[PDB]
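Just so we're aligned, residue 1 is where the sequence shown starts under the entry's author numbering, counting upward by one. Even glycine gets a Cβ: it sits at the ideal position worked out from N, Cα and C. Structure record follows, encoded as structure tokens.
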Amino acid sequence: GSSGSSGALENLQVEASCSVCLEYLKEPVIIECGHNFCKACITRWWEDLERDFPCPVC
Ligand SMILES: [Zn+2]
Ligand SMILES: [Zn+2]
């Protein structure tokens, strides 16, 4: 029996995470919009050279 693992009780550290899969990453791709996107995701949409395109999530 071991409790106390996850939670925001108290810790000096900030991190982000994808929006689609909601996975924890070290360096999330912050597109123009701002939302977080992982290579696995950001890629699914950024498949073509459609640089000019609105955020999918928004
Ligand atoms: Zn993702
Ligand atoms: Zn967005």
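Residue i Cβ short of 7 Å to ligand 1 heavy atom set
i   : result
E27 : no
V57 : no
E23 : yes
Beta-carbon proximity of residue i to residue j, cut-off 8 Å
i   : j   : result
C33 : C55 : yes
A16 : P28 : yes
Cross-strand partners of residue i (DSSP beta bridge)
i   : result
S17 : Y24
Residue i in three-state terms, based on DSSP
i   : result
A8  : coil
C58 : coil
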